[PDB]
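Engineer: Provided herewith is a single structure, encoded as structure tokens, for subsequent inquiry.
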Amino acid sequence: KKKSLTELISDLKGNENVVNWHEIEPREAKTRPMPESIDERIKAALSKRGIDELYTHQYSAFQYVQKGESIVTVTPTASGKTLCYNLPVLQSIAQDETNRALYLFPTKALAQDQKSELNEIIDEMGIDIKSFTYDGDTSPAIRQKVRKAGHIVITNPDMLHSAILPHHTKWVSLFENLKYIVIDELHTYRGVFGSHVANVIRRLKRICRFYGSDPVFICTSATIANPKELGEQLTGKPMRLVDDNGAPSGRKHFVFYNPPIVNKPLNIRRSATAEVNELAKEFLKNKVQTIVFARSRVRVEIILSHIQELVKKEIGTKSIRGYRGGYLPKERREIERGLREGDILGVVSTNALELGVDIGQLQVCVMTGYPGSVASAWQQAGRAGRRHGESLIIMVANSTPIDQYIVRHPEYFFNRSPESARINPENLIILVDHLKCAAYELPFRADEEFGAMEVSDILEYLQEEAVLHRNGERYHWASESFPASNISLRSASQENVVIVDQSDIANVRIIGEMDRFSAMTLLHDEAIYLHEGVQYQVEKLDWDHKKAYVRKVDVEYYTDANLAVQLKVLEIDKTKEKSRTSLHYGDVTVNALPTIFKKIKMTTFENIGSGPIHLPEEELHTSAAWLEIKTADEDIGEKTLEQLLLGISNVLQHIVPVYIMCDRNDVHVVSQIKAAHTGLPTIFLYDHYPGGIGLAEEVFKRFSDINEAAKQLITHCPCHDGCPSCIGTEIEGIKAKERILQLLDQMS
DNA sequence: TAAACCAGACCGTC
Ligand SMILES: Nc1ncnc2c1ncn2[C@@H]1O[C@H](COP(=O)(O)OP(=O)(O)NP(=O)(O)O)[C@@H](O)[C@H]1O
Ligand SMILES: [Zn+2]
């Protein structure tokens, strides 16, 4: 009636729907002694924390930083990440208490957690070293004190952009004695957002070199293929990489699971949801600490409900919690604390827990479908694993062509190294914005470089635009305006819809948040919102004021709605015809229609009703490049053509971010069989950004190279006929690669 | 697919 973790592994190993088993060997610690040049109080505080010797990567980090070489360390989960930058910083401040340090954290939550850990170690040390967070949530009263009292300042790239750099005169104390700059999640600063952050760091560099201090960069990265490369491109300093993980590891089983078949003629497999519910059932009933990742928020709530209902009989009510970003802050801090301290047995989470928050180590990880990227899969996997014991990671594939491809061909996943991080810090829009901010902070000499090389031409352009005035060889700010306040480092942002519960008007409370775009389908005027298994019904969605008023009624079902997406070219402004195709660049609009939502019983998963959603067709206006296929009378069948269009779309989504150095999400590639304005099959590439940010323009400009590199990728892909790294394994004839390549020929 | 962020200081009225 009680099975151990190893016994449960044995049961899984045999006679199952398992399709692959991958054993990751245990790794015993590799270590060096604590450098006894360290302050004795620091050694004692670390000895209390079980840190008597250092790991190889921690030691290498310390020595590298001690000599002044900038580092980027790839410290996995529970591998002593924090100490790599905490030891140099605390050492150097304990040496000369006039020293200071910047911590750059991608979120405010991680900033608060780092402040907490630093405060604990500082209290154990006994020296009056103050570490403050200066994010947006810092109340304006304490900000003045923090500027001139905080030895360690913990912020965002965002808050570095908007407040610290432009008021560098109010941060004198910090800037004159800046020895270290910590960047905690290098990989999250990629794509266009990384392009912005790069120029933010350039402005930080110029302020530092002005105030008389050249600090050294300590970066932490996830497992991306180019960590040193992204680190150098982002910091602009020579980066030396810390690869060798010297932390203790345990046996790790990484298993591919495929639901059984329930109707072979129609070839429908069981829900990955049901198999995951039952697997987490078996693991949590035996009190095994388990993380269960789900691809969407709704599936997170569904799996939470099912798992809790099936396991409450044996384990209890309060042992299993959910996790998604729309939760309240206090809620998420408590769930993190509970996963850490060991009083939460199971957690069902969105990808929000791929982010390196400290929830400790899990024993079992369950993936309800392939996350969508190799790096995300490996991140979800690294969330489980004891220091010495065993660990198990089950990836229950679903009915996705990509997931079933991983299942039919498991070597494909384990040979692909995780994705690369690409930024273009010389995007015209981004570089111009940040030049304006930098000039506002300090007058910029024309001959002096900004990152790569001289930028005097853009400075002439800026003087022409009444914004800069040129005195001598330096351009001064020539406008009463404040540039950094109207520039958003992640302008693909939004106001969020606040979820308010007017049940009793005596105690009306905010129960959560949700991005405006998602509220169209998850918080419509009769939606059901599930907040950690708690049922609410949206009474009314105030779209204009970003509010969703709900009540706590108890029903049997849950709502799901889908968005019909459209794309309409407004006007073509640049175009180039060819022998068989035509390539245009112009303005397009993407339209999202809420249409109707469906009611589905939670227990049976059967449709029990439908309803309308009366919301506006929300349209995004942006720029796009697109390719029209010219057809004669001798033309391909429509649906063979459509499948070929989908293949070309996949190949383009792979090649374009590589060529124009941006992220895969910075540009979408949509296929249309009969475009509305021409009737001709078309491939659209539009960057999803309110203002056209020039990705589609560069796609149009360098499109021939993109095309031929696409052909190159198709021919040098190791698969038979097709895989999800090229034409996407969903064309329904033989020799699909050849047809795709021929279409690429007619485009070239 | 989910998720994330944004002057310092003064002014005029409660
Ligand atoms: N030299 C050491 N000896 C013993 N334990 C150590 C040592 N260095 C680090 N640790 C342990 O490391 C644990 C947490 O590591 P940490 O510095 O937080 O990186 P991390 O867990 O990988 N960050 P994350 O990837 O977001 O989870 C603590 O519980 C420490 O006890
Ligand atoms: Zn392939």
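The residues of chain A that appear here are 2-749 by Swiss-Prot count, in order.
According to its header, the structure was obtained by X-ray crystallography, 3.3 Å.
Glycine too: its Cβ is placed from the backbone N, Cα and C atoms.
Heads up, here are the entries from Swiss-Prot:
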type	residues	note
DOMAIN	A:63-243	domain 'Helicase ATP-binding'
BINDING	A:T76, A:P77, A:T78, A:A79, A:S80, A:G81, A:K82, A:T83	ATP binding site
MOTIF	A:185-188	motif 'DEVH box'
DOMAIN	A:276-430	domain 'Helicase C-terminal'
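What's the neighbourhood like for these features in this structure?
Structural biologist: Within the same chain, residues at least six positions away from A:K82 (ATP binding site) with a Cβ under 8 Å of its Cβ are A:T74, A:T76, A:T221, A:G357. Secondary structure at A:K82 (ATP binding site), as computed by DSSP, is helix.
With helix defined as DSSP H, G or I and strand as E or B, the motif 'DEVH box' (A:185-188) counts 2 helix, 0 strand, 2 coil.
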Engineer: Specify all same-chain residues, apart from the site residues A:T76, A:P77, A:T78, A:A79, A:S80, A:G81, A:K82, A:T83, whose Cβ lies within 8 angstroms of the center of the Cβ atoms of the ATP site, ordered by sequence.
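Structural biologist: In sequence order, the nearby non-listed residues are A:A248.
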Engineer: Would you mind listing, in sequence order, the residues at least six apart from A:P77 (ATP binding site) in the same chain with a Cβ closer than 8 Å to its Cβ?
Structural biologist: A:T224, A:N246, A:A248, A:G383
Engineer: Return the count of C-beta atoms lying within 10 angstroms of the C-beta of A:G81 (ATP binding site), excluding that atom itself.
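Structural biologist: I get 20 for this one.
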Engineer: Under 8 Å between C-beta atoms and at least six apart in sequence, can you list the same-chain neighbours of A:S80 (ATP binding site), or say none if there are none?
Structural biologist: A:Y56, A:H58, A:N246, A:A248
Engineer: Just counting, how many other CB atoms are there within 10 A of the CB of A:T83 (ATP binding site)?
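Structural biologist: Counting Cβ neighbours of A:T83 (ATP binding site) within 10 Å gives 19.
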